[PDB]
$ cat data-v2.cif   # mmCIF, N, CA and C atoms and all ligand atoms
data_query
loop_
_atom_site.label_atom_id
_atom_site.label_comp_id
_atom_site.auth_asym_id
_atom_site.auth_seq_id
_atom_site.Cartn_x
_atom_site.Cartn_y
_atom_site.Cartn_z
N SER A 1 -37.00 0.74 39.02
CA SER A 1 -38.29 0.08 39.11
C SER A 1 -39.04 0.20 37.78
N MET A 2 -40.30 -0.24 37.75
CA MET A 2 -41.09 -0.22 36.52
C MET A 2 -41.08 1.17 35.89
N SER A 3 -40.71 1.23 34.60
CA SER A 3 -40.60 2.47 33.84
C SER A 3 -39.61 3.48 34.45
N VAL A 4 -38.66 3.02 35.26
CA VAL A 4 -37.59 3.88 35.79
C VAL A 4 -36.30 3.13 35.52
N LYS A 5 -35.68 3.39 34.36
CA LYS A 5 -34.52 2.63 33.92
C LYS A 5 -33.23 3.34 34.33
N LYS A 6 -32.22 2.56 34.62
CA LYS A 6 -30.96 3.13 35.04
C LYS A 6 -30.04 3.33 33.86
N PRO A 7 -29.09 4.26 33.97
CA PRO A 7 -27.95 4.24 33.06
C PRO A 7 -27.26 2.89 33.18
N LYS A 8 -27.13 2.20 32.05
CA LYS A 8 -26.57 0.86 32.01
C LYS A 8 -25.20 0.87 31.35
N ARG A 9 -24.37 -0.09 31.76
CA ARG A 9 -23.09 -0.34 31.11
C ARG A 9 -23.29 -0.75 29.65
N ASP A 10 -22.25 -0.55 28.84
CA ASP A 10 -22.19 -1.16 27.52
C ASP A 10 -21.56 -2.54 27.67
N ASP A 11 -22.38 -3.59 27.55
CA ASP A 11 -21.94 -4.95 27.82
C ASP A 11 -21.61 -5.73 26.54
N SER A 12 -21.60 -5.06 25.39
CA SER A 12 -21.43 -5.76 24.13
C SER A 12 -20.06 -6.41 23.99
N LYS A 13 -19.04 -5.94 24.71
CA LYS A 13 -17.72 -6.56 24.63
C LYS A 13 -17.48 -7.59 25.71
N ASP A 14 -18.45 -7.83 26.59
CA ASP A 14 -18.18 -8.62 27.80
C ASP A 14 -17.76 -10.04 27.46
N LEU A 15 -18.49 -10.69 26.54
CA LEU A 15 -18.17 -12.07 26.19
C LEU A 15 -16.72 -12.20 25.71
N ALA A 16 -16.28 -11.29 24.83
CA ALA A 16 -14.92 -11.33 24.31
C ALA A 16 -13.88 -11.04 25.39
N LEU A 17 -14.19 -10.14 26.32
CA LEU A 17 -13.22 -9.80 27.37
C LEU A 17 -13.11 -10.91 28.40
N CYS A 18 -14.24 -11.53 28.77
CA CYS A 18 -14.19 -12.67 29.69
C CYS A 18 -13.43 -13.84 29.08
N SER A 19 -13.60 -14.07 27.77
CA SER A 19 -12.84 -15.10 27.09
C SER A 19 -11.35 -14.78 27.10
N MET A 20 -10.97 -13.52 26.86
CA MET A 20 -9.55 -13.18 26.92
C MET A 20 -9.00 -13.33 28.34
N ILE A 21 -9.74 -12.91 29.36
CA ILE A 21 -9.27 -13.08 30.73
C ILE A 21 -9.11 -14.56 31.06
N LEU A 22 -10.06 -15.39 30.64
CA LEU A 22 -9.93 -16.82 30.93
C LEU A 22 -8.74 -17.42 30.19
N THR A 23 -8.46 -16.95 28.98
CA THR A 23 -7.28 -17.43 28.26
C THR A 23 -6.01 -17.15 29.04
N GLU A 24 -5.92 -15.97 29.66
CA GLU A 24 -4.73 -15.66 30.44
C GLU A 24 -4.63 -16.54 31.68
N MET A 25 -5.76 -16.83 32.32
CA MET A 25 -5.77 -17.79 33.43
C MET A 25 -5.24 -19.14 32.97
N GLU A 26 -5.86 -19.70 31.92
CA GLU A 26 -5.51 -21.02 31.41
C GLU A 26 -4.03 -21.16 31.08
N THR A 27 -3.35 -20.08 30.71
CA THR A 27 -1.96 -20.16 30.28
C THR A 27 -0.97 -19.71 31.36
N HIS A 28 -1.46 -19.43 32.56
CA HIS A 28 -0.59 -19.10 33.69
C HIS A 28 0.08 -20.38 34.20
N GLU A 29 1.37 -20.30 34.54
CA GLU A 29 2.09 -21.53 34.88
C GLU A 29 1.49 -22.23 36.11
N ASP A 30 0.89 -21.47 37.03
CA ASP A 30 0.25 -22.05 38.20
C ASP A 30 -1.20 -22.48 37.94
N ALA A 31 -1.64 -22.54 36.68
CA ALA A 31 -3.03 -22.95 36.44
C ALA A 31 -3.24 -24.46 36.50
N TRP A 32 -2.17 -25.26 36.58
CA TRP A 32 -2.29 -26.71 36.43
C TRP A 32 -3.28 -27.38 37.38
N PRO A 33 -3.48 -26.95 38.63
CA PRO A 33 -4.49 -27.63 39.45
C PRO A 33 -5.91 -27.41 38.96
N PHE A 34 -6.14 -26.45 38.07
CA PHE A 34 -7.49 -25.95 37.83
C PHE A 34 -7.95 -26.14 36.39
N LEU A 35 -7.08 -26.64 35.52
CA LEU A 35 -7.41 -26.78 34.11
C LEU A 35 -8.55 -27.77 33.90
N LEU A 36 -8.62 -28.82 34.70
CA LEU A 36 -9.59 -29.90 34.52
C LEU A 36 -10.29 -30.21 35.83
N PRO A 37 -11.48 -30.81 35.77
CA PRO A 37 -12.19 -31.16 37.01
C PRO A 37 -11.35 -32.05 37.92
N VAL A 38 -11.49 -31.84 39.23
CA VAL A 38 -10.89 -32.74 40.21
C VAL A 38 -11.42 -34.14 39.98
N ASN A 39 -10.51 -35.10 39.81
CA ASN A 39 -10.88 -36.49 39.53
C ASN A 39 -11.53 -37.09 40.78
N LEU A 40 -12.86 -37.19 40.77
CA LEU A 40 -13.58 -37.59 41.97
C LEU A 40 -13.35 -39.04 42.34
N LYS A 41 -12.94 -39.88 41.39
CA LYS A 41 -12.66 -41.28 41.65
C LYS A 41 -11.22 -41.51 42.09
N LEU A 42 -10.42 -40.46 42.21
CA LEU A 42 -9.01 -40.59 42.51
C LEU A 42 -8.56 -39.61 43.59
N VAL A 43 -9.44 -38.72 44.05
CA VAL A 43 -9.09 -37.79 45.11
C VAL A 43 -10.00 -38.07 46.29
N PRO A 44 -9.46 -38.64 47.37
CA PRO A 44 -10.29 -39.03 48.52
C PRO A 44 -10.82 -37.80 49.26
N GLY A 45 -12.14 -37.77 49.45
CA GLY A 45 -12.81 -36.71 50.17
C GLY A 45 -13.49 -35.68 49.29
N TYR A 46 -13.00 -35.47 48.06
CA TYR A 46 -13.42 -34.30 47.30
C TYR A 46 -14.93 -34.29 47.09
N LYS A 47 -15.49 -35.42 46.65
CA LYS A 47 -16.91 -35.46 46.33
C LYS A 47 -17.75 -34.99 47.52
N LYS A 48 -17.42 -35.47 48.73
CA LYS A 48 -18.25 -35.20 49.91
C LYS A 48 -18.05 -33.78 50.42
N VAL A 49 -16.81 -33.27 50.37
CA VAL A 49 -16.50 -31.98 50.97
C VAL A 49 -16.90 -30.82 50.07
N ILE A 50 -16.67 -30.93 48.76
CA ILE A 50 -16.82 -29.82 47.83
C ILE A 50 -18.18 -29.95 47.15
N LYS A 51 -19.14 -29.14 47.60
CA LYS A 51 -20.50 -29.19 47.07
C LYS A 51 -20.64 -28.80 45.60
N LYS A 52 -19.88 -27.80 45.18
CA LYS A 52 -19.96 -27.33 43.81
C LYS A 52 -18.59 -27.26 43.14
N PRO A 53 -18.11 -28.40 42.63
CA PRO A 53 -16.80 -28.40 41.96
C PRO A 53 -16.83 -27.48 40.74
N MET A 54 -15.69 -26.87 40.44
CA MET A 54 -15.60 -25.95 39.30
C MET A 54 -14.15 -25.90 38.84
N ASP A 55 -13.95 -25.78 37.53
CA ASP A 55 -12.61 -25.73 36.96
C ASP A 55 -12.65 -24.91 35.67
N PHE A 56 -11.46 -24.53 35.18
CA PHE A 56 -11.37 -23.63 34.03
C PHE A 56 -12.00 -24.22 32.78
N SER A 57 -11.86 -25.53 32.56
CA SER A 57 -12.42 -26.11 31.34
C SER A 57 -13.94 -26.15 31.39
N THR A 58 -14.52 -26.31 32.58
CA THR A 58 -15.97 -26.21 32.70
C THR A 58 -16.44 -24.77 32.46
N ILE A 59 -15.70 -23.80 33.01
CA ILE A 59 -15.99 -22.39 32.76
C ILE A 59 -15.85 -22.06 31.28
N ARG A 60 -14.78 -22.54 30.64
CA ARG A 60 -14.63 -22.34 29.20
C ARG A 60 -15.81 -22.92 28.43
N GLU A 61 -16.28 -24.10 28.83
CA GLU A 61 -17.41 -24.73 28.15
C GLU A 61 -18.69 -23.91 28.31
N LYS A 62 -18.98 -23.46 29.53
CA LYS A 62 -20.16 -22.63 29.79
C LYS A 62 -20.10 -21.32 29.03
N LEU A 63 -18.92 -20.69 28.97
CA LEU A 63 -18.80 -19.42 28.27
C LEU A 63 -19.02 -19.59 26.77
N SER A 64 -18.61 -20.73 26.20
CA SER A 64 -18.74 -20.97 24.76
C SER A 64 -20.13 -21.43 24.36
N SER A 65 -21.03 -21.67 25.32
CA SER A 65 -22.38 -22.16 25.03
C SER A 65 -23.45 -21.26 25.62
N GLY A 66 -23.10 -20.02 25.96
CA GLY A 66 -24.09 -19.05 26.42
C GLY A 66 -24.72 -19.34 27.76
N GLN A 67 -23.99 -19.97 28.67
CA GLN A 67 -24.56 -20.32 29.96
C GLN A 67 -24.29 -19.27 31.04
N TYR A 68 -23.56 -18.22 30.74
CA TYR A 68 -23.43 -17.10 31.67
C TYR A 68 -24.35 -15.96 31.24
N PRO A 69 -25.33 -15.58 32.06
CA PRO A 69 -26.21 -14.47 31.65
C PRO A 69 -25.51 -13.12 31.68
N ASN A 70 -24.54 -12.92 32.57
CA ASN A 70 -23.82 -11.66 32.65
C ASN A 70 -22.40 -11.92 33.15
N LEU A 71 -21.56 -10.89 33.08
CA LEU A 71 -20.20 -11.09 33.54
C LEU A 71 -20.13 -11.30 35.05
N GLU A 72 -21.14 -10.87 35.80
CA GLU A 72 -21.16 -11.13 37.24
C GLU A 72 -21.19 -12.63 37.52
N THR A 73 -22.04 -13.38 36.80
CA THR A 73 -22.10 -14.82 37.05
C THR A 73 -20.83 -15.53 36.60
N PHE A 74 -20.13 -14.98 35.61
CA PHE A 74 -18.84 -15.54 35.22
C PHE A 74 -17.82 -15.40 36.36
N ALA A 75 -17.73 -14.22 36.98
CA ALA A 75 -16.80 -14.05 38.10
C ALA A 75 -17.16 -14.95 39.27
N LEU A 76 -18.45 -15.26 39.44
CA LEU A 76 -18.84 -16.19 40.50
C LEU A 76 -18.18 -17.55 40.30
N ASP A 77 -18.22 -18.07 39.07
CA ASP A 77 -17.62 -19.38 38.82
C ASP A 77 -16.11 -19.34 39.00
N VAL A 78 -15.45 -18.27 38.55
CA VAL A 78 -14.00 -18.16 38.75
C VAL A 78 -13.66 -18.18 40.23
N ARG A 79 -14.33 -17.32 41.01
CA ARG A 79 -14.06 -17.27 42.45
C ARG A 79 -14.35 -18.61 43.10
N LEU A 80 -15.41 -19.30 42.63
CA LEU A 80 -15.73 -20.63 43.12
C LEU A 80 -14.53 -21.58 43.03
N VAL A 81 -13.80 -21.55 41.91
CA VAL A 81 -12.60 -22.38 41.79
C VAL A 81 -11.68 -22.16 42.98
N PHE A 82 -11.34 -20.90 43.26
CA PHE A 82 -10.37 -20.61 44.32
C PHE A 82 -10.95 -20.77 45.73
N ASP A 83 -12.25 -20.53 45.92
CA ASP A 83 -12.89 -20.84 47.19
C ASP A 83 -12.83 -22.34 47.49
N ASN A 84 -13.23 -23.18 46.53
CA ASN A 84 -13.04 -24.62 46.70
C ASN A 84 -11.60 -24.93 47.07
N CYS A 85 -10.65 -24.37 46.33
CA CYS A 85 -9.24 -24.64 46.59
C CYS A 85 -8.87 -24.32 48.05
N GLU A 86 -9.29 -23.15 48.55
CA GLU A 86 -8.93 -22.77 49.91
C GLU A 86 -9.56 -23.69 50.94
N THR A 87 -10.79 -24.14 50.68
CA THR A 87 -11.48 -25.05 51.59
C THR A 87 -10.75 -26.38 51.72
N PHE A 88 -10.21 -26.90 50.61
CA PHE A 88 -9.68 -28.25 50.56
C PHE A 88 -8.18 -28.34 50.78
N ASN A 89 -7.42 -27.28 50.57
CA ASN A 89 -5.96 -27.38 50.62
C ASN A 89 -5.38 -26.42 51.65
N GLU A 90 -4.18 -26.77 52.13
CA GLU A 90 -3.42 -25.89 53.01
C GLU A 90 -2.88 -24.69 52.23
N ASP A 91 -2.92 -23.50 52.86
CA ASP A 91 -2.44 -22.28 52.22
C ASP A 91 -1.02 -22.41 51.70
N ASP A 92 -0.19 -23.22 52.33
CA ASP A 92 1.20 -23.32 51.91
C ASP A 92 1.53 -24.63 51.22
N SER A 93 0.54 -25.49 50.99
CA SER A 93 0.69 -26.55 50.01
C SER A 93 0.90 -25.94 48.62
N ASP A 94 1.32 -26.80 47.69
CA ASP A 94 1.52 -26.35 46.31
C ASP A 94 0.21 -25.94 45.65
N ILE A 95 -0.83 -26.77 45.79
CA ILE A 95 -2.12 -26.41 45.21
C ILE A 95 -2.71 -25.22 45.95
N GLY A 96 -2.52 -25.16 47.27
CA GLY A 96 -3.07 -24.06 48.04
C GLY A 96 -2.46 -22.72 47.67
N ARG A 97 -1.15 -22.69 47.41
CA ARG A 97 -0.52 -21.42 47.07
C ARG A 97 -0.84 -21.03 45.64
N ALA A 98 -0.90 -22.02 44.74
CA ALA A 98 -1.33 -21.77 43.37
C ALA A 98 -2.69 -21.09 43.35
N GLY A 99 -3.60 -21.53 44.21
CA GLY A 99 -4.92 -20.93 44.22
C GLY A 99 -4.89 -19.48 44.66
N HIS A 100 -4.10 -19.17 45.69
CA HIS A 100 -3.95 -17.78 46.14
C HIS A 100 -3.33 -16.92 45.04
N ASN A 101 -2.21 -17.37 44.47
CA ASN A 101 -1.62 -16.71 43.31
C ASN A 101 -2.66 -16.46 42.21
N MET A 102 -3.37 -17.51 41.79
CA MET A 102 -4.28 -17.37 40.65
C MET A 102 -5.45 -16.45 40.97
N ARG A 103 -5.90 -16.44 42.22
CA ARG A 103 -6.98 -15.54 42.59
C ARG A 103 -6.53 -14.09 42.47
N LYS A 104 -5.34 -13.78 42.98
CA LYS A 104 -4.82 -12.42 42.88
C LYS A 104 -4.61 -12.04 41.42
N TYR A 105 -4.08 -12.96 40.62
CA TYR A 105 -3.94 -12.70 39.19
C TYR A 105 -5.29 -12.38 38.56
N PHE A 106 -6.34 -13.12 38.92
CA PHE A 106 -7.66 -12.86 38.35
C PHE A 106 -8.19 -11.49 38.77
N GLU A 107 -8.13 -11.18 40.07
CA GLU A 107 -8.80 -9.97 40.53
C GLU A 107 -8.16 -8.72 39.94
N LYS A 108 -6.85 -8.75 39.70
CA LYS A 108 -6.20 -7.62 39.05
C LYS A 108 -6.70 -7.44 37.62
N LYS A 109 -6.79 -8.53 36.86
CA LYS A 109 -7.28 -8.39 35.50
C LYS A 109 -8.74 -7.97 35.46
N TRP A 110 -9.53 -8.42 36.43
CA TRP A 110 -10.94 -8.03 36.48
C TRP A 110 -11.08 -6.53 36.66
N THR A 111 -10.31 -5.96 37.60
CA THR A 111 -10.37 -4.53 37.86
C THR A 111 -9.81 -3.73 36.69
N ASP A 112 -8.61 -4.11 36.22
CA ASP A 112 -8.01 -3.48 35.06
C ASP A 112 -8.93 -3.44 33.86
N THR A 113 -9.74 -4.49 33.66
CA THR A 113 -10.58 -4.62 32.47
C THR A 113 -11.95 -3.95 32.64
N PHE A 114 -12.58 -4.06 33.81
CA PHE A 114 -13.95 -3.60 33.95
C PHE A 114 -14.16 -2.47 34.95
N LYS A 115 -13.14 -2.05 35.69
CA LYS A 115 -13.24 -0.87 36.54
C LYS A 115 -12.32 0.22 35.98
N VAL A 116 -12.65 0.69 34.78
CA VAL A 116 -11.86 1.75 34.15
C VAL A 116 -12.58 3.09 34.29
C1 LIG B 201 -7.89 -27.91 42.97
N1 LIG B 201 -7.45 -29.25 43.29
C2 LIG B 201 -6.76 -30.09 42.27
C3 LIG B 201 -6.30 -31.49 42.63
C4 LIG B 201 -5.60 -32.38 41.61
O1 LIG B 201 -5.19 -33.44 41.95
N2 LIG B 201 -5.41 -31.95 40.23
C5 LIG B 201 -4.73 -32.84 39.30
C6 LIG B 201 -3.74 -32.09 38.41
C7 LIG B 201 -2.88 -33.04 37.58
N3 LIG B 201 -1.60 -32.43 37.23
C8 LIG B 201 -1.28 -31.67 36.01
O2 LIG B 201 -0.17 -31.26 35.92
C9 LIG B 201 -2.21 -31.39 34.82
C10 LIG B 201 -3.61 -31.39 34.89
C11 LIG B 201 -4.38 -31.14 33.76
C12 LIG B 201 -3.76 -30.87 32.54
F1 LIG B 201 -4.51 -30.62 31.42
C13 LIG B 201 -2.37 -30.86 32.47
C14 LIG B 201 -1.61 -31.12 33.60
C15 LIG B 201 -6.54 -32.02 44.00
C16 LIG B 201 -7.23 -31.18 45.02
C17 LIG B 201 -7.68 -29.78 44.66
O3 LIG B 201 -8.22 -29.09 45.45
#
$ encode --input "data-v2.cif" --output "structure tokens" --more "lines below"
Ligand SMILES: Cn1cc(C(=O)NCCCNC(=O)c2ccc(F)cc2)ccc1=O
Amino acid sequence: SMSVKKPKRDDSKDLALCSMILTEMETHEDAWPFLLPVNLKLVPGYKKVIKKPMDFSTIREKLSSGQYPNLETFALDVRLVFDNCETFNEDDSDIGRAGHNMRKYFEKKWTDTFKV
């Protein structure tokens, strides 16, 4: 509270670490459904069903222009990608399984990097 400050993390490396984690996502072989925005003029239903579309290139753009205030909001956008994926696709479809794979890949790197 006012004039009662907490021991805080050292966040000076966060931007560089989030960029490295996103680079590993972008280069994973199962990243192909997520590299670019879902083509709303070519995918029937997506616009109406998915309230907040999100993809790796939009996340990369936001990270390179200072639009994430903290690493918590960055993880929100990453998880948003895979939440959208689960909502719209079958778990055992190709896109659906890629999303499960990529989510597990992300959460391991998140813990390995920031829960040390
Ligand atoms: C997450 N999600 C993705 C799609 C979807 O149709 N995505 C198109 C991928 C095109 N296929 C590629 O291989 C590719 C894409 C970009 C790139 F830079 C290189 C290759 C549909 C429903 C859904 O829920």
$ residues_near_ligand --input "data-v2.cif" --ligand "ligand LIG 201 (chain B)" --cutoff "8 Å" --atoms "only C-alpha atoms and all ligand atoms" --output "PyMOL selection string"
chain A and resi 32-39+43+46+55+81-82+84-86+88-89+95-96+99
$ closest_residue --input "data-v2.cif" --among "A:113, A:93, A:73, A:87" --to "residue 17 of chain A" --atoms "only N, CA and C atoms"
A:113
$ axis_aligned_box --input "data-v2.cif" --around "segment 81-93 of chain A" --padding-each-side "4 Å" --output "AutoDock Vina command-line options"
--center_x -6.1 --center_y -24.4 --center_z 47.4 --size_x 23.3 --size_y 15.8 --size_z 19.2
$ closest_residue --input "data-v2.cif" --among "A:101, A:65, A:111, A:57" --to "residue 77 of chain A" --atoms "only C-alpha atoms"
A:57
$ select_by_dssp --input "data-v2.cif" --residues "chain A" --states "alpha helix (DSSP H)" --output "ChimeraX atom specification"
/A:14-26,46-49,56-64,71-88,94-114
$ residues_near_point --input "data-v2.cif" --point "(-14.3, -22.5, 29.8)" --cutoff "10 Å" --atoms "only C-alpha atoms" --output "PyMOL selection string"
chain A and resi 18-19+22-23+26+35-36+55-65+74+78
$ write_last_selection --input "data-v2.cif" --atoms "N, CA and C atoms" --output "CSV table (one decimal), in the frame of the given file"
chain,number,residue,atom,x,y,z
A,18,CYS,N,-14.2,-11.5,28.8
A,18,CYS,CA,-14.2,-12.7,29.7
A,18,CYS,C,-13.4,-13.8,29.1
A,19,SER,N,-13.6,-14.1,27.8
A,19,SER,CA,-12.8,-15.1,27.1
A,19,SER,C,-11.4,-14.8,27.1
A,22,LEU,N,-10.1,-15.4,30.6
A,22,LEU,CA,-9.9,-16.8,30.9
A,22,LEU,C,-8.7,-17.4,30.2
A,23,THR,N,-8.5,-17.0,29.0
A,23,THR,CA,-7.3,-17.4,28.3
A,23,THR,C,-6.0,-17.2,29.0
A,26,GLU,N,-5.9,-19.7,31.9
A,26,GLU,CA,-5.5,-21.0,31.4
A,26,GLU,C,-4.0,-21.2,31.1
A,35,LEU,N,-7.1,-26.6,35.5
A,35,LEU,CA,-7.4,-26.8,34.1
A,35,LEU,C,-8.6,-27.8,33.9
A,36,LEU,N,-8.6,-28.8,34.7
A,36,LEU,CA,-9.6,-29.9,34.5
A,36,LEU,C,-10.3,-30.2,35.8
A,55,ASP,N,-14.0,-25.8,37.5
A,55,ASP,CA,-12.6,-25.7,37.0
A,55,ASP,C,-12.6,-24.9,35.7
A,56,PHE,N,-11.5,-24.5,35.2
A,56,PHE,CA,-11.4,-23.6,34.0
A,56,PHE,C,-12.0,-24.2,32.8
A,57,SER,N,-11.9,-25.5,32.6
A,57,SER,CA,-12.4,-26.1,31.3
A,57,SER,C,-13.9,-26.2,31.4
A,58,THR,N,-14.5,-26.3,32.6
A,58,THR,CA,-16.0,-26.2,32.7
A,58,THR,C,-16.4,-24.8,32.5
A,59,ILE,N,-15.7,-23.8,33.0
A,59,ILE,CA,-16.0,-22.4,32.8
A,59,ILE,C,-15.8,-22.1,31.3
A,60,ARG,N,-14.8,-22.5,30.6
A,60,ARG,CA,-14.6,-22.3,29.2
A,60,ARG,C,-15.8,-22.9,28.4
A,61,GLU,N,-16.3,-24.1,28.8
A,61,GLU,CA,-17.4,-24.7,28.2
A,61,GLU,C,-18.7,-23.9,28.3
A,62,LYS,N,-19.0,-23.5,29.5
A,62,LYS,CA,-20.2,-22.6,29.8
A,62,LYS,C,-20.1,-21.3,29.0
A,63,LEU,N,-18.9,-20.7,29.0
A,63,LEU,CA,-18.8,-19.4,28.3
A,63,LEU,C,-19.0,-19.6,26.8
A,64,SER,N,-18.6,-20.7,26.2
A,64,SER,CA,-18.7,-21.0,24.8
A,64,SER,C,-20.1,-21.4,24.4
A,65,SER,N,-21.0,-21.7,25.3
A,65,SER,CA,-22.4,-22.2,25.0
A,65,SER,C,-23.4,-21.3,25.6
A,74,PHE,N,-20.1,-15.0,35.6
A,74,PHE,CA,-18.8,-15.5,35.2
A,74,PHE,C,-17.8,-15.4,36.4
A,78,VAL,N,-15.4,-18.3,38.6
A,78,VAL,CA,-14.0,-18.2,38.8
A,78,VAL,C,-13.7,-18.2,40.2
$ atom_distance --input "data-v2.cif" --atom1 "atom CA of residue 21 of chain A" --atom2 "atom CA of residue 116 of chain A"
15.4 Å
$ residues_around --input "data-v2.cif" --residues "residue 24 of chain A" --least-positions-apart "6" --cutoff "10 Å" --atoms "only C-alpha atoms" --output "list in words"
residues 18, 31, 105, 106 and 109 of chain A
$ atom_distance --input "data-v2.cif" --atom1 "atom CA of residue 72 of chain A" --atom2 "atom C of residue 114 of chain A"
11.4 Å
$ atom_distance --input "data-v2.cif" --atom1 "atom CA of residue 15 of chain A" --atom2 "atom CA of residue 70 of chain A"
8.6 Å
